[PDB]
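This report refers to the structure that appears directly beneath it.
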Amino acid sequence: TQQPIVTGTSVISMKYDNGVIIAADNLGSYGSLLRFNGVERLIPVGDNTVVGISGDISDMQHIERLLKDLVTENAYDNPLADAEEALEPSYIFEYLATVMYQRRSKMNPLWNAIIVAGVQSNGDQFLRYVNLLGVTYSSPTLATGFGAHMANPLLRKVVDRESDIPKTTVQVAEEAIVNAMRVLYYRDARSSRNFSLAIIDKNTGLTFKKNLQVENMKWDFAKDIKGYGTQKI
Amino acid sequence: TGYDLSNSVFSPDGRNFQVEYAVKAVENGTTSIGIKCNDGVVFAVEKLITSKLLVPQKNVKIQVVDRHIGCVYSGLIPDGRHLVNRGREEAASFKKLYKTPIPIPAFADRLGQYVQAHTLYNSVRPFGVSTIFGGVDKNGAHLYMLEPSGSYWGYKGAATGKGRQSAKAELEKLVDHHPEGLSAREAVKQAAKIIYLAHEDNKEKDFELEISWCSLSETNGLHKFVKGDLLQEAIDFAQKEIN
Numbered sequence: 001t002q003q004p005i006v007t008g009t010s011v012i013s014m015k016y017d018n019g020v021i022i023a024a025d026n027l028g029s030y031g032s033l034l035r036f037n038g039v040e041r042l043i044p045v046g047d048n049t050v051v052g053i054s055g056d057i058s059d060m061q062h063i064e065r066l067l068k069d070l071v072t073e074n075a076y077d078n079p080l081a082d083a084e085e086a087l088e089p090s091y092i093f094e095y096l097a098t099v100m101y102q103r104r105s106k107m108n109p110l111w112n113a114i115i116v117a118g119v120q121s122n123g124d125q126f127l128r129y130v131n132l133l134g135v136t137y138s139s140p141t142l143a144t145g146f147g148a149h150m151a152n153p154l155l156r157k158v159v160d161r162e163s164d165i166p167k168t169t170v171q172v173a174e175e176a177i178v179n180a181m182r183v184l185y186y187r188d189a190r191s192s193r194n195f196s197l198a199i200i201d202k203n204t205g206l207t208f209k210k211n212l213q214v215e216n217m218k219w220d221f222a223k224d225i226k227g228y229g230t231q232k233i
Numbered sequence: 002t003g004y005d006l007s008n009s010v011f012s013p014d015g016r017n018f019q020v021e022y023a024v025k026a027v028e029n030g031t032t033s034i035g036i037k038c039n040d041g042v043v044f045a046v047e048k049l050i051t052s053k054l055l056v057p058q059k060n061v062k063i064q065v066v067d068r069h070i071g072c073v074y075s076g077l078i079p080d081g082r083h084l085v086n087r088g089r090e091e092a093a094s095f096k097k098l099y100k101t102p103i104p105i106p107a108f109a110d111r112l113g114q115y116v117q118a119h120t121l122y123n124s125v126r127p128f129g130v131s132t133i134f135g136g137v138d139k140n141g142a143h144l145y146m147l148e149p150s151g152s153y154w155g156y157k158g159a160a161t162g163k164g165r166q167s168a169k170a171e172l173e174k175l176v177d178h179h180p181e182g183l184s185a186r187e188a189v190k191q192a193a194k195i196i197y198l199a200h201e202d203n204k205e206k207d208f209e210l211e212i213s214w215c216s217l218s219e220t221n222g223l224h225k226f227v228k229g230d231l232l233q234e235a236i237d238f239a240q241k242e243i244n
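Note that the protein sequences, when read in sequence, are chains a and T.
First residue of the first sequence? That's 1 in the deposited numbering, and the numbers climb one at a time after it.
First residue of the second sequence? That's 2 in the deposited numbering, and the numbers climb one at a time after it.
Laid out in structure tokens, this is it:
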């Protein structure tokens with residue numbers, strides 16, 4: 001048993017016709033203090049998987065090292081390490097899910113919520129969640145923390161069920177993700193303007209975008225808001 | 002007499018005969034070599050084709066440690082694998098604690114101390130392999146060769162197994178004729194030639210060539226196997242030199 005100290009907020013994601021998108025802001029909060037402004041919380045594993053992590057950053061850095069070590073170990077005595085015996089999203093997820101549930105069962109959890117996004121060998125989209133309790137689930141959209149409450153409603157308007165996935169292009173899906181990140185910046189007190197976004201496509205591969213900013217913000221109506229009821233000026 | 006029946010017993014000479022007997026297992030094995038080049042190292046090995054039923058390119062002998070170290074050995078193949086497994090644990094604990102990947106001299110001593118420990122007790126057997134290994138670290142390229150006693154040194158070129166004398170002669174010519182140094186691509190070609198020349202000692206059965214390399218320019222300081230066109234180019238160069 002511990003308490004989280006340095007923390008990361010929402011990770012958001014969705015499936016589209018040919019792949020998956022995942023995103024997370026670049027902040028490490030220390031309670032209410034917005035302490036660290038250059039923290040990468042999307043961690044790629046090979047050219048087919050991105051693991052997005054929220055919660056305790058010290059535990060995130062531990063998980064990052066586990067994944068880095070997993071790639072090293074998979075390469076050992078493996079002539080097909082960059083081909084048929086490369087690490088899959090499903091393998092990386094199940095490993096993390098095993099570790100998470102083992103750690104909760106020893107009453108010493110890794111204080112995180114994790115989304116593994118990727119594309120499998122056969123071109124199938126992979127998107128699955130796991131947290132500090134070892135709870136797992138999959139859905140056409142997935143989000144952690146505040147993102148569950150605010151991003152999912154927006155992303156579900158694009159992909160409400162499985163049959164909507166082939167109808168959704170990469171442009172429409174990315175647009176929905178970028179808008180969701182703006183909404184979180186308006187409304188989450190432990191978020192930042194700067195974020196990272198990753199697209200894993202079955203055709204075009206892994207595209208990792210750094211140093212993105214929330215833009216096209218509406219604050220102009222603020223000038224017209226005065227007082228809390230009766231004040232006229 | 003009886004001094005050679007038990008490991009870790011000194012003979013009246015001051016020798017450990019069980020270690021010297023392990024060297025005979027090494028001398029019985031196939032030929033393997035190492036060549037230090039300008040910005041890296043090249044490893045090569047002779048694989049005897051016992052039968053047509055062996056699948057080509059499948060029974061891989063050279064092994065990677067971490068992502069930057071290559072290991073090859075001659076002698077009892079399982080003993081070599083056991084040593085590499087330990088090497089991988091040593092490299093992992095070094096990287097876990099200190100962050101940086103294990104330096105090659107540091108890694109050499111980790112294997113050296115472990116092999117040496119298997120000459121300290123009668124309850125264990127010495128290693129029946131000599132292991133040629135190395136790679137690229139922060140201080141540049143390093144090649145090492147490690148014996149059943151735990152003895153190791155740094156090398157410009159290294160060779161062990163049944164064809165070692167033939168190989169050692171060829172390596173000595175390269176050191177004399179290239180004092181300014183040898184390139185990585187040159188070292189691959191020369192490694193192929195040396196294994197082909199060293200095959201005259203195991204000339205009954207035909208063989209399969211296997212090469213690997215770490216080079217700062219050619220592989221970004223990572224261990225990779227030589228495959229496809231670059232392997233065939235090295236085989237053709239080797240076939241031309243014997244004829």
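From the three backbone atoms N, C-alpha and C, an ideal C-beta is built for every residue, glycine too.
From residue i to residue j, what does the alpha carbon distance come to, in whole angstroms?
i, j, result
"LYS223 of chain a", "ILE233 of chain a", "11 Å"
"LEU132 of chain a", "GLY113 of chain T", "42 Å"
"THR169 of chain a", "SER138 of chain a", "20 Å"
"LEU67 of chain a", "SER58 of chain a", "15 Å"
"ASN140 of chain T", "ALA109 of chain T", "15 Å"
"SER29 of chain a", "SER54 of chain a", "11 Å"
"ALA193 of chain T", "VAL85 of chain T", "24 Å"
"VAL227 of chain T", "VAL20 of chain T", "34 Å"
"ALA239 of chain T", "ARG103 of chain a", "56 Å"
"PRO140 of chain a", "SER124 of chain T", "60 Å"
"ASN26 of chain a", "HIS149 of chain a", "20 Å"
"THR9 of chain a", "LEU142 of chain a", "14 Å"
"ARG89 of chain T", "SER32 of chain a", "43 Å"
"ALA159 of chain T", "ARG128 of chain a", "50 Å"
"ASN152 of chain a", "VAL46 of chain T", "57 Å"
"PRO89 of chain a", "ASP82 of chain a", "14 Å"
"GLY123 of chain a", "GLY46 of chain a", "15 Å"
"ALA188 of chain T", "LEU231 of chain T", "12 Å"
"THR207 of chain a", "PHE195 of chain a", "15 Å"
In three-state DSSP terms, what is residue i?
i, result
"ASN131 of chain a", "strand"
"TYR30 of chain a", "strand"
"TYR115 of chain T", "helix"
"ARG126 of chain T", "coil"
"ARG161 of chain a", "coil"
"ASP5 of chain T", "coil"
"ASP80 of chain T", "helix"
"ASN179 of chain a", "helix"
"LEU206 of chain a", "strand"
"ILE63 of chain T", "coil"
"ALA222 of chain a", "helix"
"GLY162 of chain T", "coil"
"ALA188 of chain T", "helix"
"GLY222 of chain T", "coil"
"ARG190 of chain a", "coil"
Which first and last residues belong to the alpha helix (DSSP H) in which residue i is found?
i, result
"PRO153 of chain a", "146-156"
"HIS179 of chain T", "Counting along the chain, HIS179 of chain T falls outside any alpha helix (DSSP H), and DSSP gives it neither H nor E."
"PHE93 of chain a", "89-105"
"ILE5 of chain a", "Looking at the DSSP string, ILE5 of chain a is not in any alpha helix (DSSP H), and its letter there is neither H nor E."
"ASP77 of chain a", "Note, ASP77 of chain a: premise wrong, no alpha helix (DSSP H); not H, not E."
"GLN231 of chain a", "First-last for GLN231 of chain a: undefined, no H or E at that position."
"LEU232 of chain T", "229-243"
Below 8 Å on the Cβ atoms is my contact criterion, and I expect residue i with residue j to pass it. Report the Cβ-Cβ distance as a whole number of Å.
i, j, result
"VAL116 of chain T", "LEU77 of chain T", "Incorrect: roughly 13 Å between the Cβ atoms, too far for contact."
"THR161 of chain T", "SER33 of chain T", "6 Å"
"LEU155 of chain a", "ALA189 of chain a", "The pair is not a contact, with the Cβ atoms about 21 Å apart (cut-off 8 Å)."
"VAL130 of chain a", "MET100 of chain a", "5 Å"
"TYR185 of chain a", "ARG193 of chain a", "6 Å"
"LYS96 of chain T", "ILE103 of chain T", "6 Å"
"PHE126 of chain a", "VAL119 of chain a", "7 Å"
"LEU144 of chain T", "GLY155 of chain T", "7 Å"
"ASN48 of chain a", "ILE200 of chain a", "6 Å"
For the beta strand (DSSP E) holding residue i, just list the boundary residues, first then last.
i, result
"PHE208 of chain T", "208-216"
"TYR137 of chain a", "136-138"
"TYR16 of chain a", "11-16"
"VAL214 of chain a", "Careful: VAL214 of chain a lies outside any beta strand (DSSP E) and carries neither H nor E."
"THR141 of chain a", "141-143"
"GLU47 of chain T", "41-49"
"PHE18 of chain T", "No beta strand (DSSP E) holds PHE18 of chain T; the alpha helix (DSSP H) holding it covers 18-29."
Starting from residue i, find everything on chain B with Cβ-Cβ shorter than 8 Å and list it in chain order.
i, result
"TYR95 of chain a", "In summary, chain B is missing from the structure at hand, where the protein chains are a and T."
* Looking at C-beta atoms only, is the number of pairs between the segment 133-140 of chain T and the segment 55-72 of chain T that lie closer than 8 Å three or more? -> yes
* Hey, is the segment 37-56 of chain T in contact with the segment 208-228 of chain T, meaning 3+ C-beta pairs nearer than 8 Å? -> yes
* Asked: Is the segment 18-30 of chain T touching the segment 176-185 of chain T in the sense that three or more CB pairs, one from each, lie closer than 8 Å?
  -> no
* Evaluate contact between the segment 112-125 of chain a and the segment 49-67 of chain a, counting only Cβ atoms and requiring at least three cross-stretch pairs below 8 Å. => yes
* Asked: Is the segment 42-54 of chain a touching the segment 9-18 of chain a, taking contact as three or more C-beta pairs under 8 Å?
  -> yes
* Asked: Is it true that the segment 57-69 of chain T meets the segment 149-167 of chain T, where meeting means three or more beta-carbon pairs spaced less than 8 Å apart?
  -> no
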